[PDB]
Every structure is written in structure tokens, then in C-alpha cells.
Amino acid sequence: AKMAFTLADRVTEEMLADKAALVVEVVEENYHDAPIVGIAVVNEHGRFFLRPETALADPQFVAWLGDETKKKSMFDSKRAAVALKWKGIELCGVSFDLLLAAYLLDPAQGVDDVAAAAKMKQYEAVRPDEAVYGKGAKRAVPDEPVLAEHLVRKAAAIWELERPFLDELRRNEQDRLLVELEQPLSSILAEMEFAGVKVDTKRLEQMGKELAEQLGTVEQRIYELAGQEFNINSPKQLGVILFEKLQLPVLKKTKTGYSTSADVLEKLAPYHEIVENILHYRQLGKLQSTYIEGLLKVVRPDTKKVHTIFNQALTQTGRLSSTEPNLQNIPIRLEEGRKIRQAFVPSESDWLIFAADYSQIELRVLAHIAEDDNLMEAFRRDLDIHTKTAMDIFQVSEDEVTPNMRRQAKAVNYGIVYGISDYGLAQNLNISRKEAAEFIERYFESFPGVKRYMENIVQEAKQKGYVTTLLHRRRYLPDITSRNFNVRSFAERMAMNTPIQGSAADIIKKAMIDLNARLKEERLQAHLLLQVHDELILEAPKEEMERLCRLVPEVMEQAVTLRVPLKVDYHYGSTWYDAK
DNA sequence: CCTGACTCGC
DNA sequence: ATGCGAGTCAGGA
Ligand SMILES: OC[C@H]1O[C@@](CO)(O[C@H]2O[C@H](CO)[C@@H](O)[C@H](O)[C@H]2O)[C@@H](O)[C@@H]1O
């Protein structure tokens, strides 16, 4: 059953065909400055395994890797491209990435290795990486014989599966989504990750000491108010102290019993002082663990930079996810945590951080897709959408809109996008299930276009079996036909939300691509550092700020043309915190 | 090691 | 049962 291949000692001419399936293996999950343990090439002439030390030292191979005219088919080309960047080697000409192709065909499959992608086409002559390398404490690179056969089988699979994957992508009208959006974006993300973001570690350690001090005070205050010490981080221990020793009221429970969620403690706060302290302790506790100690652990000692990894094939909606560290969830809501951003600084002297973000892109996308006259007119007048919704569902003038009315219209606007229920609008606004239902009724009366879209998209999900975004990304919703109300309802909410969140993702991804091209033709030194769903963060010399103030917003606003305008706000400063 | 609770972001 | 994510810690394996 073994697969025939040449275990080459030297690089030859036939290994450099202008078309080939290429495997540049990096076994370490975090591929930054990680080892390349082997190389496999499959082309018209045969199958080959090359030892990295040999291949990467050969000027002929290296040139082939960087020759844009020599086309390569790979799996997760970003991983190889970045690992190669760390060795000062450029990877060009990747015309097909099986991981991205698999992801577009069905995000739900969770394809993370060649074997899983191959299985989609009944191809099983390749083993899953986990079966070869193992996982966790047991993970390790196998002997050359086992390793070489595994890499060649993966390259062989890629070589065989390219045509079948492209054909289905074409049938789905997703060929351009792969070739003109996701693949080019892959190279941009690779540059972003490689460049990294500089961290002011001394600033972070300084914040750590101040937090450690505060945590100490609130912690002692808590043990005092409870007249006993205990593990505040233990949901089990906290429960006995609150609901037993202190006799606090039990209003909500979890899957295992006593509920000490923030939603519960907020309502218990009036009963005992210890509750507000527990909450605060938890806030500071998150800052310390994840954003102080957690960040410090991944900052490179030598460059003082953090190199995140953007997973481009994980989310079910087309969004990116960020890991080790997650730079898409750095505090900003509360001031204490927002200060964390003062630690993210430009990588060069006299450079500044520039941040641009779309304003209400999801509601604007909803207005476009549903073609609701009232909603489109609101954005055409650049009105405060929450005040406008309040005026409509409460039928009052702009002057009569009280702060509480806007707060509730706000929760309704965002509930609508999430496919909220009269029950969940009730749990969020803490009101009557029938009153929440009437808010929704009112909303759909003022925005019948949105009502029609919600109804039609669900029927479409049931008729076709999936829903799609502006750029043809799709999500299958098999549970939409379930006879179980909860399972079915969840699928209906996904049907309503995916085209919105997904189209917003498509737009910013296209903006990133257009922006990179504009920065290059203008020969600006500014470059992308991060993407946070609806915002782009860049760093550039202070001298380029005036030009970026006009360029970035324009590129983002013109990424796609909708029935309503796209609005972008931007700010810049000496740190990410100041880019406000 | 793996699932759940919790808090962080958009 | 309002959409989509990641990291840390407690729990028990
Ligand atoms: O390289 C990113 C790419 O790899 C996958 C597996 O094919 O995820 C691996 O790497 C991530 C970044 O280190 C980890 O979070 C993940 O656990 C690991 O399996 C893909 O999901 C991803 O697109």
C-alpha cells in the first residue's frame, strides 16, 4: 500500500517544474521562528522528499520558491510562508491553498489537516497529522522514513484534490472568493503576523504591580465581608459563601447548580456589599492573568514584539480569529483595562499608531441587504441610528427621546442583528416577555423591509439549505429543519445573522487587500498591524499621518458599493490607547 | 488532558 | 435560550 517517492539527497531540475504540490512542514502549532522538519514536492515528474537543511541551502530551490511564475498548490500556505520569512526566504506563486478551499466549501467541517480535507472527496490515502505526530505531551516528529511518507502522501493528496475542489468552488460561484479574496489576504496576514506589534513591557510590569496591589485590597475586603477566606475563583466555593453563609437570594442557576455569573451578581449587589467587591475582583483578575501575565509570556525577549497568529479558516461566518496572543480582545470598555493599550506602541522611533474603524457596518449592511427605505434613509442622513429607532418604536420626537429610551432602542437594534427573541430581549433589557415582544412588533412596523428580510432569509435557508454573504461565502444550516424548537430556533438566528456578520467580514477583508495595494503604489512605509473585525490598526512614520488620514478612510469606504454609504472614523497617537 | 464558568472583544 | 470568537482557572479524568 506504500507510496513510491524519491528520498532525494540533492535538489534536481525535475523538482523545479512550473507546477507542483508543495509541503513545507512545520509541526509546532505556533509556527513563528519554528523549525521546518521536511519538504515534499509532487509534480509531473514524480514525488520527492527533501531534507530542509539541503533544500533551503540550495540557491536553485530557494529561487524556485520565490518565483511567482512557478505555481504551487499547498495546504495552509500562510504557515509555510511565515516560517520561511523567519529564515529570510520568500514564498511566492501559491495559486491554490486546500485549507482555504476546504474552508469556503464548508466552514462547519473544521478542516485542520490535509486528511480531513481529502475526506470531503472520499480520498483516504493520507493519514491525519495527529495520528502521525501525536498531540500534547506525546507530540513529536517521527523518524525520517515515517515522516517522509506522510509528507509525500499529503503532497500527493493536494496534487489530486486541487481540480475537484476548484470545480465545486466554481459551481458554488466561490472561485473568485478563493483566488481574489482569501488567498491574497493570506499573504497580507502573513506579513502582518511576521512584522508583529511592539510591546512596552516595562509599562506592562508597572501595571502588573499596581493591579497586584489592588487585587490584594479587594481580596482582603472580600474575606472580611464574608468573615472567612476562600477561593473567589471557585464557582463552587463562591456559591456556598454567597447563597449559604450570607443567605443571599437565589434567582438564577447554571447547568450544574449555583449561578455566580455577572448577570446574577449585578442583581444581588443591592443585598450585600460583598457582591460589588466580587465583581471588581473579577475585573482586575482578568486584566492581571490574561493581559499582564498572559501577554508577558508571549512577548519575544529579543524584539519585545508579540506575533499573533490569525486563523483564517475557523469562524463559521468568515471572520478572522486571533491567537497566542488574542489581539482582538484587548480591553477598552472599562478605563482600568483600556490602559492596557498604552503598552502597544510603534515598532520604530517617530512612528505612530493609526486606527480606522467602520461605524455601524452591520446595521448598514442590514439596510443594504433588506433594502429597508426607513433604515437606508436614516444612514443617508447619517443619523444616530439608536435615537432614530427610539423615535420610531416610541413614536416621539428627537427631543422626547430619554437616555433610557435610547439604551433600549440600542439593545433592540443589536438584538435584531443577532436574531434576538422576545425572551432574550427580555433577559437583556430585563423586562416582560410580552413587552419585549411588543418592542419587536414596533420595530418591524417602522422597518418592514427588515421584517421581510428576516422572514425571507429563513425560508431561503430552508429551501436551499444554506445562506450566503455579499461575496458568496456560505454557511449550511441543516438544523433549520429540526423538529426540536431550540435547535431549529438557533439555526434560524444563524440564518438571519450570518449574511450580516459575514458580509461585514467580506468587506473589511477586501478593504485590507485594496489598502495594501494602495500603500505600495504610494510607496508609503505604513503597514497593517492588526484587524479587529471592523477596524484596521496600522503603524507609520509621523510624517505619513496626514496622507493616511485621507487614504485609509477612502479605501475602506470604497471597498464595496452599498445602497447606503460606509462610514469610517479614524484616530492616531503614540500608542494604541491614544489612537482614539 | 478535557469540559464548564467566567470575562474579554466586535 | 440575542450572533461570532480566545485565554485562564477550577474541576475531575
Ligand atoms: O496555522 C494556522 C492554521 O492551522 C490550523 C490547523 O491546520 O490550526 C493550528 O494552528 C493554530 C495557530 O497556532 C492553533 O490555534 C490550532 O490549535 C492548530 O491546530 C488551522 O485551524 C489554522 O487555520
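Letters A, B, ... mirror the listed sequences (proteins, then strands); counts begin at 1.
Looking at heavy-atom distances under 4.0 Å, A/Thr498 makes no contact with the nucleic acid at all. Residue contacts for A/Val532: at a heavy-atom cut-off of 4.0 Å it reaches the sugar-phosphate backbone alone, with no base atom in range. If you check every strand for non-hydrogen atoms under 4.0 Å, A/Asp357 touches nothing. Residue contacts for A/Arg475: at a heavy-atom cut-off of 4.0 Å it reaches the sugar-phosphate backbone alone, with no base atom in range. Nucleic acid contact for A/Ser261: sugar-phosphate only, since backbone atoms but no base atoms lie under 4.0 Å from a heavy atom of the residue. Contacts of A/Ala262 with the nucleic acid, taken as non-hydrogen atoms under 4.0 Å apart, involve only primed sugar atoms and P, OP1 or OP2. The residue A/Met494 sits close only to the backbone: its heavy atoms come under 4.0 Å of sugar-phosphate atoms, none of a base. At a threshold of 4.0 angstrom between heavy atoms, the contacts of A/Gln316 are confined to the sugar-phosphate backbone, with no base atom among them. At the heavy-atom level, A/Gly415 lies under 4.0 Å from base atoms of the strands shown.
For the pair A/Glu130/A/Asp113, no side-chain contact is recorded, criterion being any heavy-atom separation below 4.5 Å from C-beta on. Considering only heavy atoms from C-beta on, A/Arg473 stays 4.5 Å or farther from A/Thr498 through its side chain. Under the 4.5 Å side-chain criterion, counting only non-hydrogen atoms from C-beta, A/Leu268 is in contact with A/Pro249. Proximity of A/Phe230 to A/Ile222: side-chain heavy atoms (C-beta onward) are separated by under 4.5 Å at one or more points. You'll find the side chain of A/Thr317 reaches within 4.5 Å of the side chain of A/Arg475, heavy atoms only. Put simply, the side chain of A/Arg442 does not reach to within 4.5 Å of the side chain of A/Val412, judged on heavy atoms.
What separates CG of A/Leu320 from P of B/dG9 is a distance of 19 Å, to the nearest Å. The separation between A/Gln360 atom CD and C/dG3 atom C1' is 16 Å, rounded to whole Å. Going from atom CD of A/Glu492 over to atom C1' of C/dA1 covers 13 Å, rounded to whole Å. Whole-Å rounding puts the A/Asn233 CG to C/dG7 P distance at 19 Å. Atom pair A/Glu324:CD and C/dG7:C1' shows a separation of 11 Å (rounding to whole Å applied). Distance A/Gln237 CD to B/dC6 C1': 15 Å, rounded to the nearest Å. Across the protein-nucleic acid pair, A/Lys138 atom NZ and B/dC1 atom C1' stand 11 Å apart, rounded to whole Å. At whole-Å resolution of the value, CG in A/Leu296 and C1' in C/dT8 are 15 Å apart.
Here C/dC9 counts as south. Its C1'-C2'-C3'-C4' torsion is negative. A negative value of the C1'-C2'-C3'-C4' torsion places the sugar of B/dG4 in the southern pucker family.
For C/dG7, one of the phosphate oxygens OP1 or OP2 lies less than 4.0 angstrom from a side-chain nitrogen or oxygen of A/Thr323. Remark: A/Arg493 is in phosphate contact with C/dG3, judged by side-chain N or O atoms under 4.0 Å from OP1 or OP2. At least one side-chain nitrogen or oxygen of A/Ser321 sits closer than 4.0 Å to the OP1 or OP2 atom of C/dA6. The shortest distance between the side-chain N/O atoms of A/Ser421 and the OP1/OP2 oxygens of C/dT2 is below 4.0 Å. In terms of phosphate contacts, A/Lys135 brings a side-chain nitrogen or oxygen within less than 4.0 Å of OP1 or OP2 of B/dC2.
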Base-pair map of DNA chain B as dot-bracket, where | denotes pairing with a different strand and pairs are Watson-Crick or G-U under 3.5 Å: |.||||||||
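Less than 4.0 Å separates DNA chain C from at least one heavy atom of each of the following residues of residues 325-335 of chain A: A/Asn326, A/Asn329. Interface residues of residues 265-292 of chain A facing DNA chain C, ordered by number: A/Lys286, A/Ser289, A/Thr290; criterion, heavy-atom separation under 4.0 Å.
Of the candidates A/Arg221, A/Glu219, A/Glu213, A/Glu213 is the only one forming a side-chain hydrogen bond (donor to acceptor under 3.5 Å, both in side chains) with A/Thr217.
Side-chain atoms of A/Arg563 never come within 3.5 Å of backbone atoms of A/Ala367 as a donor-acceptor pair (strictly under, hydrogens ignored).
Look at A/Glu193 and A/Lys78 and you find a salt bridge, because one of the NZ, NE, NH1 or NH2 atoms lies within 4.0 Å of a carboxylate O, short of that distance. For A/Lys339 and A/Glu335, the salt-bridge test passes: some basic side-chain N is under 4.0 Å from an acidic carboxylate O. A salt bridge links A/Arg364 to A/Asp382: one of the charged nitrogens lies within less than 4.0 Å of a carboxylate oxygen.
With ring centers used as reference points, A/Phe447 lies under 6.0 Å from A/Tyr443. Checked against the 6.0 Å centroid criterion, the rings of A/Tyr414 and A/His386 qualify as a close aromatic pair.
Comparing C/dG12, C/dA6, B/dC6 by their nearest atom to the side chain of A/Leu314 picks out C/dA6.
Between A/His307 and A/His32, the angle of the ring planes lies from 30° to 60°, which puts this pair in the tilted group.
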